[PDB]
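Taking the form deposited without adenosine-5'-triphosphate, here's one chain by itself in structure tokens.
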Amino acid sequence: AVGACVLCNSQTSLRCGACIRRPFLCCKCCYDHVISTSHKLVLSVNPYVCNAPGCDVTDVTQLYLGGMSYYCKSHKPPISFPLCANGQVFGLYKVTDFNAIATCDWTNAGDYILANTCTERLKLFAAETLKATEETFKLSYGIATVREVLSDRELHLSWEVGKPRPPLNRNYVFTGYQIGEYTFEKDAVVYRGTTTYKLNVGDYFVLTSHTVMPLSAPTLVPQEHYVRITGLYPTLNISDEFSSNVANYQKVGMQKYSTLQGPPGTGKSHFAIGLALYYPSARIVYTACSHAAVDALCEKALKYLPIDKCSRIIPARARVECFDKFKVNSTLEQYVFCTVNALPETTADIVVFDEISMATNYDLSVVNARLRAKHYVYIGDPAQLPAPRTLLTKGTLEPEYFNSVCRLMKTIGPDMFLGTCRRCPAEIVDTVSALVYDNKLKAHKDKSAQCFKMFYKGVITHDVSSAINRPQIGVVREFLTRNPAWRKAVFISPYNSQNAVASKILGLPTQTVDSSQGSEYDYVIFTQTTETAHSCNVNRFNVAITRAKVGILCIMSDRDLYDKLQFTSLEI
């Protein structure tokens, strides 16, 4: 119970007992909090509650100090001061934005906008409160048990009736019972158990409500501009291969932190691994939110960096399969590849945080608390997909509000920008350059002449809320008979249910737009499925079409995005 205020750091014994995170509030700030919100419980050494037997008065405005104890107006002695008077709540060592974070339910977009526009301490308070809320909301869902086993990939479950049923897709990871993490995709549902055990009739699962740990470090450390490279030792031999990034690697050694906007296939991984070849003595920790992003950095380092100084830090409880080729869990190796949630207590010359659009302010803070570094490099693209905000249902979260790093890239601009897309045919590069990069993304490849668009709204059917468009899958089928070279294509769509129908009918490997991020394929077949805000989202549209290296077929529902696609229009 000893500490400083979240709004001005003025020392106090006062905490708000109504806040889900019980923040320390000073005498003036605690008052301006209780008088403006429904939050009336004030904690300190002892809570502010009437001491008189059986008295349930807990509002600090209806309370007074009688001698050494606290009492309401019905119990107070003649010599008693009200706890609320003269803009202060009585406490030791004797704003609008804080109120809104402390009381919001996180279902509105404006709640996240504010969690990013506020001061740095209010950013941590909001990040902590939001994560606590998201975890307490996980309990609100019911417990599901095994009813029977059809085969090695199909089953049926008993639900606790009453308490809501959480959504069935590859976005909700259950913790079976201690039979490893599990995922679900739709009466015969499919079980994607991260561990191979015969799911006995009687075992049950639950959404892992991993507890929220208070935030110490800021989302972004204070910026420092240096006039010479600091604590890093460059080379004058750096291979031609990484010479396009030499002026940027120098900017990296001349700032405490630096931002890199890298559109799809502009060489983000190349930049990250090449930074190690530019400062060859530097100890570098490569971090990202997902195991897939960490693994993609593992793959690029396997080609250019010495395997003996590499290590893939894997969490004790192995969820799904990750990197196998590096010396596992060696914390003192020069190059360490580990996810934000598995980051051990250590220091580094440079920390590279890749896929920055997927990072939350909580993630930004964790990295700053578990890693003390000379240089921090954030690589990503605010034009790509952000972390799914489960509680958010009203309003769309704009890129300047994804996190503090995205916020900078969208207002002041990124420190560095990779302007040449080497992956996509010019039809795709030109489309997304106009759509999300203000015509600053350039095509390295020529037009492949294999980028097609078909405007076909079809028939939207719903598998609960996840959507299906069978006429769009049927249009893909007719196209595949006439274009057998498209037999190697990946079927992408914004919905899992669409992907499941297309997996059975077309037989193509499947992918949601969100899971396609970071990956590339020669041929991509995208069916838009619906014209919802989800399927029409420009960051999602951008990721979807920028997966193709050679050609893409887009079956569109929205006329806007269809007309924007600089592709050859097909017929039927």
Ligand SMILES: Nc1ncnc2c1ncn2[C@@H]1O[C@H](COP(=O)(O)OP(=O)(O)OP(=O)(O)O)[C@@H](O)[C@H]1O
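In case it trips you up, residue 1 is the first one in the sequence shown, and so on. Think of the rigid core as the biggest set of C-alphas that the two forms share within 1.5 Å after superposition.
Participant: In 9 other deposited structures of this protein, superposed on the rigid core, which stretch sits farther off in Cα RMS terms, 544-552 or 18-26?
Facilitator: The stretch that sits farther from the shown form in 9 other deposited structures of this protein is 18-26.
Participant: Taking the root mean square of C-alpha distances over all structures and residues in 9 other deposited structures of this protein, with a rigid core superposition, name the larger of 63-71 and 29-37.
Facilitator: Farther from the shown form on average in 9 other deposited structures of this protein: 63-71.
Participant: Looking across the other entries that model both neighbours, is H291 missing in at least a third?
Facilitator: In all of the other entries, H291 has coordinates.
Participant: Please determine whether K488 lacks coordinates in at least a third of the other PDB entries of this protein that model its flanking residues.
Facilitator: It is not, since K488 is included in all of the other entries that model both flanking stretches.
Participant: According to the entry, are there none, 1 to 3, 4 to 9, or 10 or more residues of the deposited sequence without coordinates between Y177 and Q178?
Facilitator: The entry leaves 4 to 9 residues without coordinates here.
Participant: Between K186 and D187, determine how many residues of the deposited chain lack coordinates; answer none if the chain runs continuously, otherwise 1 to 3, 4 to 9, or 10 or more.
Facilitator: In the deposited sequence, 4 to 9 residues between these two have no coordinates.
Participant: Averaging only over Cα atoms, indicate whether 242-250 or 443-451 has the higher B-factor in the PDB entry.
Facilitator: Here the higher of the two C-alpha B-factor means belongs to 242-250.
Participant: Taking the recorded C-alpha temperature factors, which stretch has the higher mean, 413-421 or 322-330?
Facilitator: The stretch with the larger average C-alpha B-factor is 322-330.
Participant: Going by the entry, which of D203, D463, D438, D430 has the most elevated CA B factor?
Facilitator: That would be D203.
Participant: Which one, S404, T103, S497, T194, has the peak C-alpha temperature factor per the PDB entry?
Facilitator: Most elevated C-alpha B-factor of the set, per the entry: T194.
Participant: Hey, what third does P399 fall into on Cα B-factor, ranked over its chain?
Facilitator: Bottom third by C-alpha B-factor.
Participant: Would you please rank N171 by its C-alpha temperature factor against the other modelled residues of its chain and give the third it falls in: lowest, middle or highest?
Facilitator: Its C-alpha B-factor belongs to the highest third of this chain's values.
Participant: Based on the deposited C-alpha B factors for this chain, I'd like to know if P471 is in the lowest, middle or highest third.
Facilitator: Its C-alpha B-factor, which the entry lists for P471, ranks in the lowest third among residues of this chain.
Participant: Splitting the chain's C-alpha B-factors into thirds, which one does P77 fall into?
Facilitator: Middle third, going by the recorded CA B-factors of the chain.
Participant: When the deposited Cα B-factors of this chain's modelled residues are ordered and cut into thirds, is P23 in the lowest, the middle or the highest one?
Facilitator: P23: CA B-factor falls in the highest third of its chain.
The discussion below concerns the form solved in complex with adenosine-5'-triphosphate, not included here.
Participant: Could you tell me if all three of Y233, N245 and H270 have a heavy atom no more than 4.5 Å from adenosine-5'-triphosphate in the entry with it bound?
Facilitator: The answer is yes: all three residues contact the partner (heavy atom, 4.5 Å cut-off).
Participant: Looking at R319, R423, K457, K309, which is the one with a non-hydrogen atom within 4.5 Å of adenosine-5'-triphosphate in the entry with it bound?
Facilitator: It is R423.
Participant: Report the residue, out of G253, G265, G274, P386, that has at least one non-hydrogen atom within 4.5 angstroms of adenosine-5'-triphosphate in the entry with it bound.
Facilitator: So the residue touching adenosine-5'-triphosphate in the entry with it bound, by this definition, is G265.
Participant: Are any of the heavy atoms in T195 no more than 4.5 Å from a heavy atom of adenosine-5'-triphosphate in the entry with it bound?
Facilitator: Residue-level check for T195: no, no contact with adenosine-5'-triphosphate.
Participant: Using the partner position in the entry with it bound, report whether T136 sits within 4.5 Å of adenosine-5'-triphosphate, counting heavy atoms only.
Facilitator: No, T136 sits far enough from adenosine-5'-triphosphate in the entry with it bound that none of its heavy atoms falls within 4.5 Å.
Participant: Look up in the entry with it bound whether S281 has a non-hydrogen atom within 4.5 angstroms of adenosine-5'-triphosphate, and give yes or no.
Facilitator: It does: once adenosine-5'-triphosphate is placed as it appears in the entry with it bound, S281 has a heavy atom within 4.5 Å of it.
Participant: Is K76 one of the residues lying within 4.5 Å of adenosine-5'-triphosphate in the entry with it bound, judged by heavy atom distances?
Facilitator: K76 lies outside the contact set for adenosine-5'-triphosphate.
Participant: Spot the stretch among 187-195, 148-156, 223-231, 105-113 with residues whose non-hydrogen atoms come within 4.5 Å of adenosine-5'-triphosphate in the entry with it bound.
Facilitator: After filtering at 4.5 Å, what remains is 223-231.
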